[PDB]
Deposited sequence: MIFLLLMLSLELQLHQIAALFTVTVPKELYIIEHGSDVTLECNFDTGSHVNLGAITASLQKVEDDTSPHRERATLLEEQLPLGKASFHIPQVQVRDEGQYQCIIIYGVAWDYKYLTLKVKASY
């Protein structure tokens, strides 16, 4: 089965700093993708929406999403969603913003 894992589920970031949220995916064959979609979807959210995929790290088996200069509005739960062909999986990530 195509699966997604999150080795770190909680990110605690200082207000106005950047963060890179991540989840990994596991497949038993060379990673054939441009067949891979990944998205990070905020649960509460409304869109210019902010976390951008870093495609260059996909061959490392990671879906990494960068948010610059995090704001109060970035705080909350996110689904890390990875699609591979018609197969898919997801995990939850939480971002907490300290002052």
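K.L.:
If a residue lacks a C-alpha atom here, it counts as unmodelled; so which stretches of the deposited sequence fall into that category?
P.N.:
Holes in the chain trace, numbered from 1: 1 to 19, 65 to 67, 122 to 123.
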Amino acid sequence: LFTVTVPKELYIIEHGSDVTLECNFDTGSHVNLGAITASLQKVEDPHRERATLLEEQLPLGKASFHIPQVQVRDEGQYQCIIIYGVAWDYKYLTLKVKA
From here on, numbers count along this sequence of modelled residues.
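K.L.:
So, looking at the entry's B-factor column for Cα atoms, which has the higher mean, 23 to 31 or 58 to 66?
P.N.:
Result: 23 to 31.
K.L.:
Maximum C-alpha temperature factor per the entry, among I82, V86, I13, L10, belongs to which one?
P.N.:
Going by the entry's C-alpha B-factors, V86 comes out highest.
K.L.:
Quick check on the deposited entry: does the C-alpha B-factor of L1 sit in the lowest, middle or highest third of its chain?
P.N.:
According to the entry, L1 has a C-alpha B-factor in the chain's highest third.
K.L.:
Could you look up the Cα B-factor of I36 in the entry and say which third of the chain it sits in: lowest, middle or highest?
P.N.:
Its C-alpha B-factor, which the entry lists for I36, ranks in the highest third among residues of this chain.
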